[PDB]
Every structure is written in structure tokens, then in C-alpha cells.
Visitor: 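Below is a structure I'd like to ask you about.
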Amino acid sequence: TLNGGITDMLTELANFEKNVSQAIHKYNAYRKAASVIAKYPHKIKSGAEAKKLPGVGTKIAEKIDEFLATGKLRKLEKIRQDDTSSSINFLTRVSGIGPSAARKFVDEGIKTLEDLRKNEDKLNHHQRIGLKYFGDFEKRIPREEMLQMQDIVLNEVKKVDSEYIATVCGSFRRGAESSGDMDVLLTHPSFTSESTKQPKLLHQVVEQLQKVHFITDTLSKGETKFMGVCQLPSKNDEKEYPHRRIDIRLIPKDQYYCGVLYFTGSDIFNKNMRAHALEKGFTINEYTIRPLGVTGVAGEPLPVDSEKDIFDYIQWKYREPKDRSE
DNA sequence: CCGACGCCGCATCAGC
DNA sequence: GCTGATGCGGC
DNA sequence: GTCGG
Ligand SMILES: [Cl-]
Ligand SMILES: [Cl-]
Ligand SMILES: [Cl-]
Ligand SMILES: [Cl-]
Ligand SMILES: [Mg+2]
Ligand SMILES: [Mg+2]
Ligand code: NA
Ligand code: NA
Ligand code: NA
């Protein structure tokens, strides 16, 4: 937490630019600088020192000098006082309410948690579940609970079909002591990039987890991505566990390594890696790494037998999941 | 200076 | 109904 | 907002 003051400041600026300004590149600029500063192994003593890092330019250097001199940022101090900006930032904390819906709700004088409850019929299904579990979804998940949740999902997936393989990704696979939600990558040999030999491969898993009352709500659901809500069972007389967000991603089995690279993250690690892939003349998604022809259009998928092969193609030394927490 | 900034599944809506 | 654009959230 | 060419 060596430069937590600075990185917190940059994260709040990033959220402002995303949520209020709707300037996504500024959002990504602030988050990149927050990321490079967060892994910097010295207590930053000036904006000039920070400007030496990639992603910190003149404007952020100046903000860091202001913050180091005073402990505050006038720009953020003004943003916190503006009622419209703080209302928009609040509403975007509801899953399913993004920058556009948040500004629309504010325009209708729907600006508080009480306002949202009073107007639940103006919400789509995603938003209604995000409001229902608003408090729960902002709690973090201790890794001990992640371990219990892992055991349920893997055992229940095994009961459906022992040929499924379920892998918990996200921050859990990076070794985090707590996670914001649970990310599950799913494969089954009937689903490859070559053919889908069995229908309902994700649905059957989802229904099994609902049947045993682990999955409690559904935000969205298609043939390959499920996003919903789950809950650990609690013991007699004990308070219930918080409800938790769970994402399940069914990936073609022959594309597992690209999929587990993507689902392990972090999000900034994936942006940096895919950006560097482009500079090396490749494009990476959760399925494939493909070369870029001279015209810059993706060619055919390159063979991939491990996460490290992907690293090898773009001339990066391998980084274990726990070193990907950017 | 200026273009480029990672890549995509699902939900929802406009237009046909 | 379909196709395309947009919003949103995922890493 | 930052950066590479
Ligand atoms: Cl922008
Ligand atoms: Cl501040
Ligand atoms: Cl792969
Ligand atoms: Cl692909
Ligand atoms: Mg996660
Ligand atoms: Mg996340
Ligand atoms: Na810099
Ligand atoms: Na939101
Ligand atoms: Na997730």
C-alpha cells in the first residue's frame, strides 16, 4: 500500500471519467497509471519521479504533486461536492446501471437507494437483481469461502457429467486473499471449436446448481455465458452468508488455454497483454491467438498447448497467475 | 501533431 | 422475426 | 490522458 493515497486518487478520477464524463479512454488512462504506480516498489516522492513510469504523463504528474503537497485534489474535492456527479457515481454502483442509465435515472429525479426501491418497475431484470443484492455485492469474499464455493461447483458439475472440467479463475486463481466474485471456466469434450455434439451443456450445469439452491438468481444467460447469484449454505441458527456474484463461461475445450488466460486476468493485465500482442503483430482473444497479416486482418489460429505458448508468441517471459494482478 | 487505445457475450432497442 | 447499434459488465 | 512514430 506504498502509494495507496495516489492510486486511490487515480481510481476515483478514473471512475469519474467513466461514470460521469463517459470518457472511456480517460478511464483506461487513469487506471493504467494507477496500475503502474501500484506495483512501483518505492514510496513516490514527486510527480517527476512518477512521470518516469509508462502511463503517467504531465497531467497526472501535476496531480500527484498537488496530492503530495496537500494530501488532497481540488478537482476531486469539487467532484465530491457536485450533486449530479455524486448521484451518477452512486447509481452506477448498482450492477446493470451503467453511465447512461445512471444519468437517465438522475434526469427523472431517481437519485438515491430509496428512489430506486420506490421505482423498481423502471428497472430491467439485471438492474432489479443488482438493487436486490446491492449491499451484498459490495462485500468481498474471503478465500476460505471461495474454497467452499469451489468445492460445491466442482462436485455438482461432476454429478452432471464427470467429463466436465470446471476451473475457478479471476482473482482466485491469481491467489488473492479475497475476491469480488467467483469466475468459473467450464469445458466439456462435446464442445470444441470444431463441433457442438451436445446441446444444453451450460444450461444443465446451471440447472443443477439451482436445483441444490446454490444459484439463487440469474442476471443473464446464453449458450456460453452465465451471470448470476449464488449463496453458501449456512448451518442451524447461523446468520446467512451474503449472496455472491458468479460468472460461468463455457469455452471450447480445444481453446482452454486462451480461455483460462483471459478469465484469469487481471483486466489490466489482459489489456496490457493484448496491446503488446498487437505491437508484435498478433491478436489475442479468449479463444485464439492469430497473426496479423500485412493488411492487419487476423489470420488462422496458431497452435497453443499451454498458457506459456501464448506468452512465447508475443515474446513475453511467462508470468504465473499470481504475478498477473495488475 | 494524431491516431490508436483489447476483445467479446448477452440484453435491449430501432428499423425493416 | 432478423440485423445492426448500443449499453453493460467480464477478465 | 498518454504515447509512439
Ligand atoms: Cl475518452
Ligand atoms: Cl482527494
Ligand atoms: Cl488455446
Ligand atoms: Cl477466434
Ligand atoms: Mg472475478
Ligand atoms: Mg472485476
Ligand atoms: Na511516463
Ligand atoms: Na453498474
Ligand atoms: Na466475474
Side-chain angles (χ1 to χ4, degrees), chain A residues 10 13-14 16-19 21-37 50-64 75 91-105 123-127 129-130 137 167-174 176 179-185 202 218-228 245-251 255 258-270 272-280 282-290 292 296 298 314 321 324-326:
Chain A
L10 299 171
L13 286 168
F16 170 81
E17 296 299 351
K18 175 157 146 70
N19 298 332
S21 301
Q22 304 191 258
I24 188 71
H25 300 294
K26 292 199 176 181
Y27 165 77
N28 289 318
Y30 279 117
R31 282 197 73 212
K32 179 190 254 185
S35 182
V36 70
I37 284 170
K51 193 179 182 305
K52 295 175 163 303
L53 302 175
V56 184
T58 300
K59 301 273 268 150
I60 291 175
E62 278 163 41
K63 291 189 169 51
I64 289 172
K75 182 178 178 57
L91 291 176
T92 59
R93 291 171 52 196
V94 178
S95 183
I97 301 179
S100 182
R103 189 172 282 280
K104 204 198 176 197
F105 283 134
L123 297 179
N124 65 31
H125 180 70
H126 190 129
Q127 279 156 356
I129 304 294
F137 286 178
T167 303
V168 180
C169 299
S171 64
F172 175 85
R173 184 171 187 264
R174 307 199 302 274
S179 299
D181 70 354
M182 160 162 287
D183 306 296
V184 183
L185 194 152
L202 177 56
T218 293
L219 299 165
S220 61
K221 176 165 182 292
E223 305 190 17
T224 65
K225 183 172 81 178
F226 173 81
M227 294 168 41
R245 278 274 295 108
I246 183 165
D247 290 339
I248 309 177
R249 188 69 190 261
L250 171 66
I251 282 284
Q255 294 174 334
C258 286
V260 78
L261 174 66
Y262 153 76
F263 226 13
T264 298
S266 67
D267 52 354
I268 293 174
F269 172 83
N270 288 347
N272 293 341
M273 189 172 183
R274 296 178 175 194
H276 182 256
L278 294 170
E279 294 172 8
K280 292 296 183 160
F282 301 83
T283 177
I284 295 171
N285 60 25
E286 65 262 61
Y287 308 118
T288 60
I289 181 173
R290 308 163 178 247
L292 294 186
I314 70 174
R324 305 181 198 166
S325 285
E326 321 198 315

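First the proteins, then the strands, lettered A, B, ... as listed; each starts at 1.
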Visitor: Does the side chain of A:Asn124 get closer than 4.0 angstrom to OP1 or OP2 of B:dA11 through an N or O atom?
Guide: no
Visitor: Please work out if A:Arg31 contacts a base, only the sugar-phosphate, or nothing of the nucleic acid, heavy-atom cut-off 4.0 Å.
Guide: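 A:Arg31: no heavy atom of the nucleic acid under 4.0 Å.
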Visitor: May I ask you to classify the sugar pucker of C:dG10 as north or south from its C1'-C2'-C3'-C4' sign?
Guide: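 Sugar pucker of C:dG10 - north, given that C1'-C2'-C3'-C4' is above zero.
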Visitor: Restricting to side chain to side chain contact (heavy atoms under 4.5 Å, CB included), what partner residues turn up for A:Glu62, sequence neighbours left out?
Guide: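 Listed in chain order: A:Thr58.
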Visitor: For A:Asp247, what residues pass the salt bridge (charged side-chain N to carboxylate O under 4.0 Å, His left out) criterion, not counting sequence neighbours?
Guide: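 By the salt bridge (charged side-chain N to carboxylate O under 4.0 Å, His left out) rule, A:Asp247 matches A:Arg245.
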Visitor: Find the distance A:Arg93:CZ to C:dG9:P and express it as a whole number of Å.
Guide: 13 Å
Visitor: Could you tell me how far apart A:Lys225 (NZ) and B:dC7 (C1') are, to the nearest whole angstrom?
Guide: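 After rounding, the reported distance stands at 12 Å.
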Visitor: Calculate the interatomic distance between A:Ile268 atom CD1 and B:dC7 atom P; express it in whole Å.
Guide: 17 Å
Visitor: On DNA chain B, does the nearest nucleotide to A:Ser220 precede the nearest nucleotide to A:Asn285 from the 5' side, or the other way round? Give the residue.
Guide: A:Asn285
Visitor: Determine: side-chain N/O of A:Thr283 to OP1/OP2 of B:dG6, distance under 4.0 Å, yes or no.
Guide: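 For A:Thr283, the contact criterion (side-chain N or O under 4.0 Å from OP1 or OP2 of B:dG6) is not met.
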Visitor: Distance check needed: C:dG7 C1' versus A:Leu91 CG, whole Å only.
Guide: 16 Å
Visitor: Give one of base, sugar-phosphate or nothing for A:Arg174, where a contact means two heavy atoms less than 4.0 Å apart.
Guide: sugar-phosphate
Visitor: With the criterion being N/O to N/O and under 3.5 Å, what pairs connect the protein with nucleotides 1-4 of chain D, and how long is each?
Guide:
from	atom 1	to	atom 2	distance (Å)
D:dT2	OP1	A:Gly57	N	2.8
D:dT2	OP1	A:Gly57	O	3.3
D:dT2	OP1	A:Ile60	N	3.0
D:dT2	OP2	A:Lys59	N	3.2
D:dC3	OP1	A:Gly55	N	2.9

Visitor: Residues in side chain to side chain contact (heavy atoms under 4.5 Å, CB included) with A:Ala101, at least two apart?
Guide: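 For A:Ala101 the side chain to side chain contact (heavy atoms under 4.5 Å, CB included) partners, ignoring immediate neighbours, are A:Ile97, A:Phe105, A:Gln127.
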Visitor: Sequence neighbours left out, what passes ring-ring contact (aromatic ring centres under 6.0 Å, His included) with A:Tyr287? Give chain and number order.
Guide: none
Visitor: Report the residues that fulfil salt bridge (charged side-chain N to carboxylate O under 4.0 Å, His left out) with A:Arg174, sequence neighbours left out, ordered by chain and then residue number.
Guide: none
Visitor: Check nucleotides 2-5 of chain C for protein N or O atoms closer than 3.5 Å to its own N or O atoms and list the pairs.
Guide:
none

Visitor: Tell me whether the side-chain N/O atoms of A:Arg245 come closer than 4.0 Å to OP1 or OP2 in C:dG10.
Guide: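 Answer is yes, contact under 4.0 Å.
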Visitor: The criterion is side chain to side chain contact (heavy atoms under 4.5 Å, CB included); which residues satisfy it with A:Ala34, sequence neighbours excluded?
Guide: A:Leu10, A:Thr11
Visitor: Among the candidates C:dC11, B:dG9, B:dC5, find the nucleotide nearest to the side-chain atoms of A:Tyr287.
Guide: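 Of C:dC11, B:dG9, B:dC5, B:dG9 is nearest to the side chain of A:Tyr287.
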Visitor: Base, sugar-phosphate or nothing for A:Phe263? Non-hydrogen atoms, less than 4.0 Å.
Guide: sugar-phosphate
Visitor: Please list, chain by chain and in numerical order, all residues satisfying side chain to side chain contact (heavy atoms under 4.5 Å, CB included) with A:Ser21, sequence neighbours excluded.
Guide: A:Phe16, A:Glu17, A:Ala23
